[PDB]
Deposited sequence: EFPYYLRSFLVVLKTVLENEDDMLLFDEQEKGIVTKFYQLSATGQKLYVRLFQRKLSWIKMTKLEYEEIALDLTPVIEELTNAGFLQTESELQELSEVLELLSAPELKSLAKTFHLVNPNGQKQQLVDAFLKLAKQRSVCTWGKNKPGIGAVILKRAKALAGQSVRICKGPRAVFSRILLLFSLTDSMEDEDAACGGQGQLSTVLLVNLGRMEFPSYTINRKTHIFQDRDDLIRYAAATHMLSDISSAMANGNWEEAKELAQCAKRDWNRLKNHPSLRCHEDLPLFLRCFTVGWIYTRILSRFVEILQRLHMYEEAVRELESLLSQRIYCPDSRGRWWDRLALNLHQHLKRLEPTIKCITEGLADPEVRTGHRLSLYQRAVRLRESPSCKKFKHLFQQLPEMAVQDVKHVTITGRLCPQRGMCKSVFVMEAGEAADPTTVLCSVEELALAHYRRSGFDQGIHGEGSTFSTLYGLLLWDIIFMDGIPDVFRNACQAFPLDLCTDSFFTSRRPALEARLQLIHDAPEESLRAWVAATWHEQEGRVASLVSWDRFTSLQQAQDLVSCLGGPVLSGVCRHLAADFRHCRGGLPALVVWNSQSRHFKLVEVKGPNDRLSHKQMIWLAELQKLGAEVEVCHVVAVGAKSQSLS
């Protein structure tokens, strides 16, 4: 009667409409369209949202079925058409769009009609043949168009004007979903968020145009990503080349100056940052296509600016070196690269370790004896040793095999939760700081699962005195404090959606209390500090497993590796860090059976 998708869609409109500065990014005709949506019947609102969620393409009217809305959709379609929200096949004027609308038999039929060869050819071959055939001013395109429409019959499509309005509203509601591909899910009407106070101070978008350019970059990034994921690297390349063309064409626009003044945790919500991300995928595409030459200039270009994606610099330096070392075989620029990279303070310890490791390799083979004078800068960056055990396989999940073995070794409890285990404890012990008042712009509407600066260096620096006082309080805390604090947060917040916290990670509050008792205050303090100080990079390197003996309270943090799986650099940096806090860590290899 009042279905979820409509409810959730209504929440988003309400939120965005509520904020006057966001509303200044739309003109009067655009606001008028939201009004028109509100003036639709209920059955009309339901169909529009069911169609708005679908891929933007034409749909045959005989394929439209939503029994829960109406047994015959025709008058609803009619309402939406009169209101300017759907268009009918009278406005279907693009040959590609209609060729996309036909089934396989129909395309074949049309093919025979125009005497195409290979009519039993695949759809994409037919589509391609027809469009070429249409390129014979003016062309026979018009005739292929009318005959295809005769076949397709009555059809509707979501109009693009109104759709783009809702599209930008959606963007405004959840900015952290825009670059999510590579911080709007169904429950939105029903999920309870944490409490905090909205506090805005800074404009992200300079004007209506700024938002529109932002949104177009977003869609392009989404397009390119889609292509790459399906292995369509050639299409992925051309899309990236166009995106590349739009970006230079836009550089030195006055709006960019204002973007540069935003703090990093807002700056990721700007057009330039998005094109930088686009350029970064461009690198991967060039490599898949073996264009290692071209990949290197793009890397050097990315690294030559310092306004966008500083987080990415380590990945860039490391890939630049790899291309220089291996595919280009240029030994002296490679040394230069590693040394610049090592000097770059944005590079976190993982890539740093990776860069250094490559230096050692280069300094120690016939190929580079002569460059010896370029290796004296080398830091003494070392990472401490861990213990490795092996267990035999079975026919199954490698973590579950590990868990069974540690239960045989006296560790009757165990959790396979990766980073979520610690991040959940972090969440439970530091909730009121994660969600504290007084930090401008980190909470911009009432539907966030985290403060916007969470995954940014300024999270810690903006809450430093409270953090310093809380981490000291944890480090010294006796068991009973630890158990109590966890219970407090658990009791007061259970169910509330906080991105750090998985309410189902533990089998119960008691299990979580038992775990914090075994880990103890110093260890917990150490891990919470790392997560607060540098959450992106810490969450990823943490051991698969935590196991413990409920009698002795002996615990081990265990990383599990099956055949052909080894430690990444991140994992090596964090097993050592954990070891430094005095936790016992172990790597468990499952061997082929």
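Novice: What's missing from the model if you number the deposited sequence from 1?
Specialist: Unmodelled stretches: 137 to 145, 192 to 198, 200 to 204, 417 to 441, 640 to 647.
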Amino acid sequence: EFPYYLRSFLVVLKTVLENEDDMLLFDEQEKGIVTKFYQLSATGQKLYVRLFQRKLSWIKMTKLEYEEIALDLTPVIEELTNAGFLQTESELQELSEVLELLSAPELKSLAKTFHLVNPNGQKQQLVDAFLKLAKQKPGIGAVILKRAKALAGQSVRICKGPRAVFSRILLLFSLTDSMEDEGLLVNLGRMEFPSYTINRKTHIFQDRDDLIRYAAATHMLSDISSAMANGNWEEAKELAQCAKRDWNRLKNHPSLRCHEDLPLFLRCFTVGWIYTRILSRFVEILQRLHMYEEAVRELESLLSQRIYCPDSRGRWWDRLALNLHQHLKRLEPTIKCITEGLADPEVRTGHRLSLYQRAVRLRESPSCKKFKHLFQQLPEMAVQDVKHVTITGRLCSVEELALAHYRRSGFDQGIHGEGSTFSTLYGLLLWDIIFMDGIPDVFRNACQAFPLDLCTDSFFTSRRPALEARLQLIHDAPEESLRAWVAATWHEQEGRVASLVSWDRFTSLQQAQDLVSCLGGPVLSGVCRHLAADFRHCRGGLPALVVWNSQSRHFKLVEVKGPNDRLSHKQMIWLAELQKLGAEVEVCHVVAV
From here on, numbers count along this sequence of modelled residues.
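Novice: Read off the CA B-factors in the entry, average them over 379 to 387 and over 215 to 223, and name the higher stretch.
Specialist: Higher of the two, by average CA B-factor, is 379 to 387.
Novice: For the C-alpha atoms alone, is the average B factor greater in 431 to 439 or in 229 to 237, going by the entry?
Specialist: Mean CA B-factor is higher for 229 to 237.
Novice: Determine which member of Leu500, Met191, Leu171, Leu454 has the highest CA B-factor, using the values in the deposited entry.
Specialist: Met191 has the highest C-alpha B-factor of those listed.
Novice: Which of these, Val347, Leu86, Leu401, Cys368, has its C-alpha atom at the highest B-factor, as the entry lists it?
Specialist: Highest C-alpha B-factor among the listed options: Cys368.
Novice: Comparing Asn118 with the other modelled residues of its chain, is its CA B-factor in the lowest, middle or highest third?
Specialist: According to the entry, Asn118 has a C-alpha B-factor in the chain's highest third.
Novice: Among the modelled residues of its chain, does the C-alpha B-factor of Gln29 lie in the lowest, middle or highest third?
Specialist: Middle third.
Novice: When the modelled residues of the chain are sorted by Cα temperature factor, does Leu395 land in the lowest, middle or highest third?
Specialist: It belongs to the highest third of the chain when residues are ordered by C-alpha B-factor.
Novice: Can you tell me which third, lowest, middle or highest, the CA B-factor of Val156 falls into for its chain?
Specialist: Lowest third.
Novice: Compare the C-alpha B factor of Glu492 with those of the other modelled residues in its chain, then answer lowest, middle or highest third.
Specialist: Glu492: CA B-factor falls in the lowest third of its chain.
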